[PDB]
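Q: Handing over input-v7.cif, mmCIF, C-alpha atoms and all ligand atoms.
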data_coords
loop_
_atom_site.group_PDB
_atom_site.id
_atom_site.type_symbol
_atom_site.label_atom_id
_atom_site.label_comp_id
_atom_site.auth_asym_id
_atom_site.auth_seq_id
_atom_site.Cartn_x
_atom_site.Cartn_y
_atom_site.Cartn_z
ATOM 1 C CA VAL X 3 0.000 0.000 0.000
ATOM 2 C CA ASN X 4 3.090 2.364 0.352
ATOM 3 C CA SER X 5 1.488 4.415 3.204
ATOM 4 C CA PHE X 6 4.571 6.359 4.400
ATOM 5 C CA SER X 7 4.125 8.846 7.235
ATOM 6 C CA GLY X 8 6.319 10.951 9.493
ATOM 7 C CA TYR X 9 9.089 11.553 6.938
ATOM 8 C CA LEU X 10 11.041 14.752 6.342
ATOM 9 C CA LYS X 11 11.025 15.696 2.649
ATOM 10 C CA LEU X 12 14.648 16.487 1.641
ATOM 11 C CA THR X 13 14.155 16.818 -2.116
ATOM 12 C CA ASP X 14 11.221 16.204 -4.472
ATOM 13 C CA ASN X 15 11.920 12.425 -4.394
ATOM 14 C CA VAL X 16 14.044 11.754 -1.227
ATOM 15 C CA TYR X 17 12.511 11.413 2.247
ATOM 16 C CA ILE X 18 14.067 10.498 5.625
ATOM 17 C CA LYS X 19 12.825 9.319 9.049
ATOM 18 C CA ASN X 20 14.421 8.280 12.371
ATOM 19 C CA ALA X 21 12.866 4.788 12.428
ATOM 20 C CA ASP X 22 13.568 1.063 12.384
ATOM 21 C CA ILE X 23 13.230 -0.183 8.749
ATOM 22 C CA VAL X 24 11.516 -3.394 10.126
ATOM 23 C CA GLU X 25 8.798 -1.469 11.925
ATOM 24 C CA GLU X 26 8.342 0.832 8.922
ATOM 25 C CA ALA X 27 7.909 -2.241 6.611
ATOM 26 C CA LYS X 28 5.212 -3.682 8.957
ATOM 27 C CA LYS X 29 3.319 -0.338 9.059
ATOM 28 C CA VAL X 30 3.704 0.763 5.439
ATOM 29 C CA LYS X 31 3.397 -2.550 3.573
ATOM 30 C CA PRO X 32 5.739 -1.334 0.823
ATOM 31 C CA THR X 33 6.004 -2.758 -2.687
ATOM 32 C CA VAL X 34 9.848 -2.852 -2.203
ATOM 33 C CA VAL X 35 12.098 -2.950 0.865
ATOM 34 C CA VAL X 36 15.827 -2.573 0.245
ATOM 35 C CA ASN X 37 18.291 -4.835 2.064
ATOM 36 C CA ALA X 38 21.886 -3.660 2.730
ATOM 37 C CA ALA X 39 23.359 -6.914 1.525
ATOM 38 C CA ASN X 40 26.811 -8.516 0.990
ATOM 39 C CA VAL X 41 27.860 -10.460 -2.185
ATOM 40 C CA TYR X 42 27.081 -14.001 -0.815
ATOM 41 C CA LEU X 43 23.751 -12.798 0.774
ATOM 42 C CA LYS X 44 24.772 -13.848 4.304
ATOM 43 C CA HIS X 45 22.276 -11.874 6.474
ATOM 44 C CA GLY X 46 23.960 -12.132 9.872
ATOM 45 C CA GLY X 47 24.386 -8.501 10.928
ATOM 46 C CA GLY X 48 23.340 -4.908 10.390
ATOM 47 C CA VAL X 49 20.078 -4.189 8.553
ATOM 48 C CA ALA X 50 20.286 -7.575 6.821
ATOM 49 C CA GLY X 51 20.129 -9.439 10.153
ATOM 50 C CA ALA X 52 17.238 -7.308 11.384
ATOM 51 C CA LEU X 53 15.222 -7.895 8.149
ATOM 52 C CA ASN X 54 16.049 -11.654 8.059
ATOM 53 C CA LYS X 55 15.047 -12.190 11.714
ATOM 54 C CA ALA X 56 11.785 -10.311 11.091
ATOM 55 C CA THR X 57 11.023 -12.879 8.299
ATOM 56 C CA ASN X 58 11.820 -15.737 10.794
ATOM 57 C CA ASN X 59 14.743 -16.776 8.546
ATOM 58 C CA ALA X 60 12.656 -17.107 5.360
ATOM 59 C CA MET X 61 14.881 -14.470 3.659
ATOM 60 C CA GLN X 62 18.071 -16.435 4.398
ATOM 61 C CA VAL X 63 16.608 -19.725 3.108
ATOM 62 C CA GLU X 64 15.511 -18.062 -0.153
ATOM 63 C CA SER X 65 18.859 -16.255 -0.457
ATOM 64 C CA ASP X 66 20.781 -19.559 -0.029
ATOM 65 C CA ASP X 67 18.730 -21.166 -2.835
ATOM 66 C CA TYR X 68 19.472 -18.116 -5.061
ATOM 67 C CA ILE X 69 23.225 -18.253 -4.344
ATOM 68 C CA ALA X 70 23.433 -22.014 -4.973
ATOM 69 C CA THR X 71 22.046 -21.546 -8.483
ATOM 70 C CA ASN X 72 23.376 -18.092 -9.421
ATOM 71 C CA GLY X 73 26.529 -17.377 -7.422
ATOM 72 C CA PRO X 74 27.418 -14.141 -5.659
ATOM 73 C CA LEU X 75 26.407 -10.609 -6.612
ATOM 74 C CA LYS X 76 28.980 -8.027 -7.738
ATOM 75 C CA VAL X 77 29.777 -5.028 -5.459
ATOM 76 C CA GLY X 78 27.396 -2.255 -6.644
ATOM 77 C CA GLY X 79 24.918 -4.872 -7.927
ATOM 78 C CA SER X 80 21.513 -6.030 -6.802
ATOM 79 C CA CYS X 81 18.971 -8.777 -6.897
ATOM 80 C CA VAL X 82 15.124 -8.753 -6.539
ATOM 81 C CA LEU X 83 13.739 -11.624 -4.427
ATOM 82 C CA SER X 84 10.600 -12.066 -2.286
ATOM 83 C CA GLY X 85 9.811 -9.520 0.408
ATOM 84 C CA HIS X 86 8.161 -12.273 2.521
ATOM 85 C CA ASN X 87 5.973 -10.740 5.293
ATOM 86 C CA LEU X 88 7.712 -7.338 5.058
ATOM 87 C CA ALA X 89 7.075 -6.199 1.480
ATOM 88 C CA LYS X 90 6.047 -7.570 -1.929
ATOM 89 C CA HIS X 91 9.726 -7.659 -2.998
ATOM 90 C CA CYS X 92 13.135 -7.278 -1.390
ATOM 91 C CA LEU X 93 15.833 -5.532 -3.449
ATOM 92 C CA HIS X 94 19.125 -6.840 -2.082
ATOM 93 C CA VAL X 95 21.761 -4.190 -2.849
ATOM 94 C CA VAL X 96 25.544 -4.484 -2.257
ATOM 95 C CA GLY X 97 27.258 -1.203 -1.423
ATOM 96 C CA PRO X 98 31.097 -1.102 -1.155
ATOM 97 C CA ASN X 99 32.745 -2.007 2.147
ATOM 98 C CA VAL X 100 35.274 0.831 2.399
ATOM 99 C CA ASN X 101 36.632 -0.637 5.678
ATOM 100 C CA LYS X 102 37.959 -3.429 3.318
ATOM 101 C CA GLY X 103 39.156 -1.038 0.584
ATOM 102 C CA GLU X 104 36.290 -1.691 -1.840
ATOM 103 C CA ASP X 105 35.857 1.093 -4.434
ATOM 104 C CA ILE X 106 33.709 3.969 -2.957
ATOM 105 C CA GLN X 107 32.673 4.927 -6.550
ATOM 106 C CA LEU X 108 30.532 1.742 -6.508
ATOM 107 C CA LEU X 109 28.233 3.393 -3.928
ATOM 108 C CA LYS X 110 26.746 5.315 -6.948
ATOM 109 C CA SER X 111 26.275 1.919 -8.777
ATOM 110 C CA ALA X 112 24.537 0.599 -5.654
ATOM 111 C CA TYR X 113 21.990 3.455 -5.515
ATOM 112 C CA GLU X 114 21.465 3.395 -9.341
ATOM 113 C CA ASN X 115 19.625 0.037 -8.791
ATOM 114 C CA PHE X 116 16.851 1.905 -7.018
ATOM 115 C CA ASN X 117 15.874 3.616 -10.356
ATOM 116 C CA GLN X 118 14.135 0.460 -11.624
ATOM 117 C CA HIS X 119 11.466 0.764 -8.824
ATOM 118 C CA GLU X 120 8.903 3.608 -8.568
ATOM 119 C CA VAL X 121 8.967 3.691 -4.774
ATOM 120 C CA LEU X 122 11.205 2.048 -2.158
ATOM 121 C CA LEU X 123 11.672 1.807 1.617
ATOM 122 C CA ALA X 124 15.468 1.728 2.157
ATOM 123 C CA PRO X 125 18.285 2.040 4.682
ATOM 124 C CA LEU X 126 21.356 4.279 4.164
ATOM 125 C CA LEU X 127 23.860 2.181 2.109
ATOM 126 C CA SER X 128 27.426 1.299 3.151
ATOM 127 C CA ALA X 129 26.916 2.476 6.728
ATOM 128 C CA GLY X 130 27.455 0.110 9.767
ATOM 129 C CA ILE X 131 30.499 -2.057 9.469
ATOM 130 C CA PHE X 132 30.953 -1.052 5.797
ATOM 131 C CA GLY X 133 32.354 2.302 7.043
ATOM 132 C CA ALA X 134 31.341 4.765 4.293
ATOM 133 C CA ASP X 135 30.893 8.340 5.439
ATOM 134 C CA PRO X 136 27.069 8.578 6.001
ATOM 135 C CA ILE X 137 26.789 12.217 4.826
ATOM 136 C CA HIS X 138 28.504 11.152 1.558
ATOM 137 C CA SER X 139 26.137 8.162 1.224
ATOM 138 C CA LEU X 140 23.044 10.476 1.558
ATOM 139 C CA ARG X 141 24.521 12.862 -1.053
ATOM 140 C CA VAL X 142 25.116 9.997 -3.520
ATOM 141 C CA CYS X 143 21.461 8.854 -2.945
ATOM 142 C CA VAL X 144 20.137 12.384 -3.599
ATOM 143 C CA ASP X 145 22.271 12.836 -6.750
ATOM 144 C CA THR X 146 21.653 9.364 -8.260
ATOM 145 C CA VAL X 147 18.132 8.179 -7.368
ATOM 146 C CA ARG X 148 15.271 9.620 -9.455
ATOM 147 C CA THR X 149 12.452 7.416 -8.043
ATOM 148 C CA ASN X 150 10.712 7.929 -4.652
ATOM 149 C CA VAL X 151 12.982 6.749 -1.829
ATOM 150 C CA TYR X 152 11.972 6.699 1.851
ATOM 151 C CA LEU X 153 15.094 6.343 4.010
ATOM 152 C CA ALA X 154 14.739 4.860 7.481
ATOM 153 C CA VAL X 155 17.775 5.594 9.703
ATOM 154 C CA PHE X 156 17.527 3.869 13.093
ATOM 155 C CA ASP X 157 19.897 6.057 15.130
ATOM 156 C CA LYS X 158 18.785 9.486 16.385
ATOM 157 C CA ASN X 159 22.260 11.057 16.432
ATOM 158 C CA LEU X 160 23.044 9.905 12.889
ATOM 159 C CA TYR X 161 19.625 11.062 11.643
ATOM 160 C CA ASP X 162 20.096 14.513 13.218
ATOM 161 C CA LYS X 163 23.641 14.776 11.742
ATOM 162 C CA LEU X 164 22.363 13.868 8.250
ATOM 163 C CA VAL X 165 19.469 16.325 8.381
ATOM 164 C CA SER X 166 21.639 19.179 9.713
ATOM 165 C CA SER X 167 24.281 18.616 7.025
ATOM 166 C CA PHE X 168 21.678 18.438 4.237
ATOM 167 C CA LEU X 169 20.003 21.692 5.379
ATOM 168 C CA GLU X 170 23.295 23.654 5.430
HETATM 169 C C1 LIG X 201 15.521 -3.764 16.219
HETATM 170 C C2 LIG X 201 15.657 -4.388 14.876
HETATM 171 N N1 LIG X 201 16.120 -3.401 13.876
HETATM 172 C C3 LIG X 201 17.405 -3.066 13.715
HETATM 173 O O1 LIG X 201 18.322 -3.592 14.350
HETATM 174 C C4 LIG X 201 17.714 -2.028 12.685
HETATM 175 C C5 LIG X 201 18.943 -1.534 12.317
HETATM 176 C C6 LIG X 201 18.706 -0.498 11.345
HETATM 177 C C7 LIG X 201 19.488 0.408 10.582
HETATM 178 N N2 LIG X 201 20.832 0.486 10.739
HETATM 179 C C8 LIG X 201 21.764 1.312 9.969
HETATM 180 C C9 LIG X 201 22.673 0.494 9.079
HETATM 181 C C10 LIG X 201 23.346 -0.610 9.593
HETATM 182 C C11 LIG X 201 24.053 -1.423 8.727
HETATM 183 N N3 LIG X 201 24.178 -1.183 7.422
HETATM 184 C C12 LIG X 201 23.520 -0.114 6.910
HETATM 185 N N4 LIG X 201 23.727 0.119 5.606
HETATM 186 C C13 LIG X 201 22.746 0.737 7.710
HETATM 187 C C14 LIG X 201 22.562 2.261 10.904
HETATM 188 C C15 LIG X 201 23.523 3.144 10.102
HETATM 189 C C16 LIG X 201 21.624 3.130 11.741
HETATM 190 N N5 LIG X 201 18.873 1.234 9.707
HETATM 191 C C17 LIG X 201 17.537 1.159 9.606
HETATM 192 N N6 LIG X 201 16.687 0.387 10.281
HETATM 193 C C18 LIG X 201 17.318 -0.445 11.135
HETATM 194 N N7 LIG X 201 16.714 -1.364 11.967
#
What does this structure look like when you write it as structure tokens?
Ligand SMILES: CCNC(=O)c1cc2c(N[C@H](c3ccnc(N)c3)C(C)C)ncnc2[nH]1

A:
Amino acid sequence: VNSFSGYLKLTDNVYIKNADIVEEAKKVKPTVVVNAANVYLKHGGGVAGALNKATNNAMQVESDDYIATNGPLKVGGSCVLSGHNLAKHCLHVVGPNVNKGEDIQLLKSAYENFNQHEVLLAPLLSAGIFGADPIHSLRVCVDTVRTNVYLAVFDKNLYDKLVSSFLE
């Protein structure tokens, strides 16, 4: 149903909220929820762990079947699979892990995948243990994504930092 509420409008197509992406998916019933994935779709930590646990492991079982038959994703790439109980579809997107020296230019490739979907619920890419500067990740989203993206950032201090920087 895509019923998003409580978001700040940053640009004509980019919105942000201090919220847990799992609770937003349960409330909003989005067509697409984005997962902050890794190349072998191992959903143990970060946003991926939160989304997988909220599907009671159904996302990991489906992801393992996909990897067995198709192999790993590329950094910057993506894959649409079921959204299970959280959304119609899950778009698994791999941003670069700059803590491991992956190419930060591939963060633009990662966000470019969102342009195939009219509206998405998403986390900020390459944050957490991937180590990209979060203000830079929001700027790449704003400059690359043309479709409607609703960003859920589940940390008040990071949300306030992002909003303050954007409004400068
Ligand atoms: C209680 C169950 N829910 C959660 O644990 C949870 C976590 C969470 C989240 N985390 C962000 C993140 C972590 C890793 N990689 C990223 N690309 C981003 C950080 C930057 C705040 N962002 C959005 N919603 C979220 N929900």

Q: Of the candidates X:152, X:6, X:68, X:168, which shows the shortest atom-to-atom distance to ligand LIG 201 (chain X), using only C-alpha atoms and all ligand atoms?

A: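 Checking each of X:152, X:6, X:68, X:168 against ligand LIG 201 (chain X), counting only C-alpha atoms and all ligand atoms, the winner is X:152.
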
Q: Select, from X:72, X:150, X:84, X:40, the residue with the minimum atom-to-atom distance to residue 96 in chain X, counting all atoms listed in the file.

A: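 Nearest candidate to residue 96 in chain X out of X:72, X:150, X:84, X:40: X:40.
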
Q: Can you tell me which residues sit at most 10 Å away from ligand LIG 201 (chain X), counting only C-alpha atoms and all ligand atoms, written as an MDAnalysis selection string?

A: chainID X and resid 19:27 36:39 47:56 95:97 99 123:134 136 139 153:161

Q: Could you give me, as JSON, numbers by chain, the residues within 8 Å of residue 147 in chain X, counting only C-alpha atoms and dropping anything in the same chain fewer than 5 positions from it?

A: {"X": [113, 114, 116, 117]}

Q: State, in Å with one decimal place, the distance from CA of residue 41 in chain X to CA of residue 75 in chain X.

A: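 Separation of CA of residue 41 in chain X and CA of residue 75 in chain X: 4.7 Å.
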
Q: Quick one: of X:166, X:135, X:12, X:122, who's nearest to residue 90 in chain X, counting only C-alpha atoms?

A: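 Once distances to residue 90 in chain X are computed over only C-alpha atoms, the minimum belongs to X:122.
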
Q: Calculated over only C-alpha atoms, which of the candidates X:82, X:142, X:92, X:121 has the smallest distance to residue 3 in chain X?

A: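 Distance minimum relative to residue 3 in chain X lands on X:121.
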
Q: Using only C-alpha atoms, which residue out of X:94, X:87, X:71, X:81 lies closest to residue 59 in chain X?

A: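 Closest candidate: X:87.
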
Q: Could you check the closest approach to residue 79 in chain X for each of X:33, X:57, X:111, X:62 and tell me which residue wins, using all atoms listed in the file?

A: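 Closest to residue 79 in chain X, using all atoms listed in the file: X:111.
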
Q: What gap, in Å, lies between CA of residue 11 in chain X and CA of residue 110 in chain X?

A: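 Separating CA of residue 11 in chain X from CA of residue 110 in chain X is a distance of 21.1 Å.
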
Q: For a test of reading the model, state the distance in Å between CA of residue 163 in chain X and CA of residue 138 in chain X, rounded to one decimal.

A: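 The value is 11.9 Å.
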
Q: Range 77-165 of chain X from the block above, C-alpha atoms, as an mmCIF file, in the first residue's frame, please?

A:
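Here's the written file decode-v4.cif:
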data_model
loop_
_atom_site.group_PDB
_atom_site.id
_atom_site.type_symbol
_atom_site.label_atom_id
_atom_site.label_comp_id
_atom_site.auth_asym_id
_atom_site.auth_seq_id
_atom_site.Cartn_x
_atom_site.Cartn_y
_atom_site.Cartn_z
ATOM 1 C CA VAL X 77 29.777 -5.028 -5.459
ATOM 2 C CA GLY X 78 27.396 -2.255 -6.644
ATOM 3 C CA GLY X 79 24.918 -4.872 -7.927
ATOM 4 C CA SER X 80 21.513 -6.030 -6.802
ATOM 5 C CA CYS X 81 18.971 -8.777 -6.897
ATOM 6 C CA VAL X 82 15.124 -8.753 -6.539
ATOM 7 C CA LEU X 83 13.739 -11.624 -4.427
ATOM 8 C CA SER X 84 10.600 -12.066 -2.286
ATOM 9 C CA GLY X 85 9.811 -9.520 0.408
ATOM 10 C CA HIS X 86 8.161 -12.273 2.521
ATOM 11 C CA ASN X 87 5.973 -10.740 5.293
ATOM 12 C CA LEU X 88 7.712 -7.338 5.058
ATOM 13 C CA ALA X 89 7.075 -6.199 1.480
ATOM 14 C CA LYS X 90 6.047 -7.570 -1.929
ATOM 15 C CA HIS X 91 9.726 -7.659 -2.998
ATOM 16 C CA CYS X 92 13.135 -7.278 -1.390
ATOM 17 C CA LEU X 93 15.833 -5.532 -3.449
ATOM 18 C CA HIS X 94 19.125 -6.840 -2.082
ATOM 19 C CA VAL X 95 21.761 -4.190 -2.849
ATOM 20 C CA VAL X 96 25.544 -4.484 -2.257
ATOM 21 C CA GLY X 97 27.258 -1.203 -1.423
ATOM 22 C CA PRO X 98 31.097 -1.102 -1.155
ATOM 23 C CA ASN X 99 32.745 -2.007 2.147
ATOM 24 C CA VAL X 100 35.274 0.831 2.399
ATOM 25 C CA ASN X 101 36.632 -0.637 5.678
ATOM 26 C CA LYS X 102 37.959 -3.429 3.318
ATOM 27 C CA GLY X 103 39.156 -1.038 0.584
ATOM 28 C CA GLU X 104 36.290 -1.691 -1.840
ATOM 29 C CA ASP X 105 35.857 1.093 -4.434
ATOM 30 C CA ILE X 106 33.709 3.969 -2.957
ATOM 31 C CA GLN X 107 32.673 4.927 -6.550
ATOM 32 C CA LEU X 108 30.532 1.742 -6.508
ATOM 33 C CA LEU X 109 28.233 3.393 -3.928
ATOM 34 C CA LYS X 110 26.746 5.315 -6.948
ATOM 35 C CA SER X 111 26.275 1.919 -8.777
ATOM 36 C CA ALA X 112 24.537 0.599 -5.654
ATOM 37 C CA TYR X 113 21.990 3.455 -5.515
ATOM 38 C CA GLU X 114 21.465 3.395 -9.341
ATOM 39 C CA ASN X 115 19.625 0.037 -8.791
ATOM 40 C CA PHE X 116 16.851 1.905 -7.018
ATOM 41 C CA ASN X 117 15.874 3.616 -10.356
ATOM 42 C CA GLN X 118 14.135 0.460 -11.624
ATOM 43 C CA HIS X 119 11.466 0.764 -8.824
ATOM 44 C CA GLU X 120 8.903 3.608 -8.568
ATOM 45 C CA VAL X 121 8.967 3.691 -4.774
ATOM 46 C CA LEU X 122 11.205 2.048 -2.158
ATOM 47 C CA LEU X 123 11.672 1.807 1.617
ATOM 48 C CA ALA X 124 15.468 1.728 2.157
ATOM 49 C CA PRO X 125 18.285 2.040 4.682
ATOM 50 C CA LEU X 126 21.356 4.279 4.164
ATOM 51 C CA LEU X 127 23.860 2.181 2.109
ATOM 52 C CA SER X 128 27.426 1.299 3.151
ATOM 53 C CA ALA X 129 26.916 2.476 6.728
ATOM 54 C CA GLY X 130 27.455 0.110 9.767
ATOM 55 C CA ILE X 131 30.499 -2.057 9.469
ATOM 56 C CA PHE X 132 30.953 -1.052 5.797
ATOM 57 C CA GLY X 133 32.354 2.302 7.043
ATOM 58 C CA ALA X 134 31.341 4.765 4.293
ATOM 59 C CA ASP X 135 30.893 8.340 5.439
ATOM 60 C CA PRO X 136 27.069 8.578 6.001
ATOM 61 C CA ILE X 137 26.789 12.217 4.826
ATOM 62 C CA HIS X 138 28.504 11.152 1.558
ATOM 63 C CA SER X 139 26.137 8.162 1.224
ATOM 64 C CA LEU X 140 23.044 10.476 1.558
ATOM 65 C CA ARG X 141 24.521 12.862 -1.053
ATOM 66 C CA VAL X 142 25.116 9.997 -3.520
ATOM 67 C CA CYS X 143 21.461 8.854 -2.945
ATOM 68 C CA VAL X 144 20.137 12.384 -3.599
ATOM 69 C CA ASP X 145 22.271 12.836 -6.750
ATOM 70 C CA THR X 146 21.653 9.364 -8.260
ATOM 71 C CA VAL X 147 18.132 8.179 -7.368
ATOM 72 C CA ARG X 148 15.271 9.620 -9.455
ATOM 73 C CA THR X 149 12.452 7.416 -8.043
ATOM 74 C CA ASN X 150 10.712 7.929 -4.652
ATOM 75 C CA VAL X 151 12.982 6.749 -1.829
ATOM 76 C CA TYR X 152 11.972 6.699 1.851
ATOM 77 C CA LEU X 153 15.094 6.343 4.010
ATOM 78 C CA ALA X 154 14.739 4.860 7.481
ATOM 79 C CA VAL X 155 17.775 5.594 9.703
ATOM 80 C CA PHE X 156 17.527 3.869 13.093
ATOM 81 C CA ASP X 157 19.897 6.057 15.130
ATOM 82 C CA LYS X 158 18.785 9.486 16.385
ATOM 83 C CA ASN X 159 22.260 11.057 16.432
ATOM 84 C CA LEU X 160 23.044 9.905 12.889
ATOM 85 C CA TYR X 161 19.625 11.062 11.643
ATOM 86 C CA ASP X 162 20.096 14.513 13.218
ATOM 87 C CA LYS X 163 23.641 14.776 11.742
ATOM 88 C CA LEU X 164 22.363 13.868 8.250
ATOM 89 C CA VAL X 165 19.469 16.325 8.381
#
